[PDB]
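What follows is one chain in structure tokens, specifically the form deposited in one PDB entry.
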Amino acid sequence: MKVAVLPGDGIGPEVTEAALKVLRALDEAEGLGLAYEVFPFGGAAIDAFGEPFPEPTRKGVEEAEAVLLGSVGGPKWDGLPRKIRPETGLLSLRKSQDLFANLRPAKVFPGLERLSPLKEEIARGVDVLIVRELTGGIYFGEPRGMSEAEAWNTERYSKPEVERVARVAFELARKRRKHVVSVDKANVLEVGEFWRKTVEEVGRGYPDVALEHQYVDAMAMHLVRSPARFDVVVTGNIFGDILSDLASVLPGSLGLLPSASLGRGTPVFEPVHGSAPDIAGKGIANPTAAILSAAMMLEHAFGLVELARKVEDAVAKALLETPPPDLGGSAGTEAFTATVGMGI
């Protein structure tokens, strides 16, 4: 279980250490063979290598079987050239590993329904996995320009593109509740009809998985009126972006969501939250995201689905007994990691 840790900056190291604490325990008491070393990354790496994604980190991720990344960003670099802003290192990291699927989970933990903006009855049972296309769509396509009179961007998709992400969606379903929802806008866009066609063609290989299609705007509605009826949601770039951000508000608060970036290289698991450099080092940051990101890696990078389900539960338990400040409590980082530890 070799893992490359890229703590980053802000509460990055903070939340990453906690996940490591939980990980070392889980490993020690289970014999996992977890082996790891911390690598400079983002603004941190910048302060010692000039670049946010240095050469030894690139090698560190390569030779690693998974990546447990924290957070990057900060004012100390918000005024540096793009090519080397910490943000860009995330893109270089992604690209170096060919990460084409960004798994964005959104689950309301039992007992935490009142933390959500949805009535306790709708928030109850919510456990969706939004798989979004990472390297295609209107985000990168050409042409694309601006002028005094007009601007333009291009949403293009290729059969190999859509096939491998949909492929990732069906495999993940097989391990969840076996149901996927390909989202698109096929009723008014060629790409949508093209996205549908391909996914349907790829679903045939996964008969044990139920494929249901839906329009992007219609799906926005059912994500707020019936989130629980959804398991795995596969979709394109810009829409993945919108649907992922939408699902992210369903479970109480954003500092509770993990993240993963699957592709052809070393997977990368990380908290969706920012670096919050202001609260950095004040021990007040909630390590739930980082810890749950650690779960994600166990299940998705090593298949330890049970162990991951364990950690998840422990967190859910801790969020209840010793809730963090953001959850209307007072359990600082250190404290909260202890309680999580318990359920381990």
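So that there is no doubt, residue numbering starts at 1 and follows the sequence shown.
FYI, the form deposited with a small molecule bound isn't displayed, but the following is about it.
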- prompt: Counting only heavy atoms and a 4.5 Å cutoff, which of 117-125, 265-273, 147-155, 161-169 contacts the small molecule in the deposited bound form?
  reply: 265-273
query: Does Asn102 reach the small molecule in the deposited bound form if we count a contact as any heavy atom within 4.5 Å?
result: yes
query: Looking at the partner-bound form in the deposited bound form, is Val202 within 4.5 Å of the small molecule by any heavy atom?
result: no
field: in the deposited bound form, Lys107 touching the small molecule (heavy atom, 4.5 Å)
entry: no
Contact of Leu134 with the small molecule in the deposited bound form (heavy atom, 4.5 Å): yes
